[PDB]
């Protein structure tokens, strides 16, 4: 099932959305994240995203709700289609491969400046076939591990 380290890591991920640290993710905090991922969702779109995770319908996402989704979806095998959306966030030029520069771009936008050596290490870790880049199959493994 879900391990105690997965719980801790899902909580760290939650806290990166929950930027004022009040224990609930608002549409406003969700907006901040989506924009740093290169998107610009409207208020209606932000509220409808909240609907996906907000189980009691109070308009925000608390950690138990966030955890319920993360834990349930990881047991799923039918998230290919969502991972494909996640892929396109990284693959900015749309060429089917995530480059070092594309990886660093997304990482620095989320609040992490990495050296050219650190980005290379991440690509190297994910790169199974050796083209020095990340295709979809390799990206699945880096979102699924």
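Positions refer to the first chain, counted from 1.
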Thinking of the other compared PDB entries, is residue 74 one of those residues unmodelled in at least a third of them? yes
Segment of higher mean CA temperature factor, 112 to 120 or 96 to 104: 112 to 120
Could you settle it for me: does 122 to 130 or 15 to 23 have the higher average Cα B factor in the PDB entry? 122 to 130
Top residue by Cα temperature factor, when 85, 45, 56, 76 are compared in the entry: 76
Taking the chain's C-alpha temperature factors as the reference, tell me which third residue 65 falls into: lowest, middle or highest. lowest
Within-chain third of residue 91 by Cα B-factor, per the entry: middle
For residue 29, does the deposited CA B-factor place it in the lowest, middle or highest third of the chain? lowest
Taking the entry's C-alpha B-factors for this chain, is residue 80 in the lowest, middle or highest third? highest
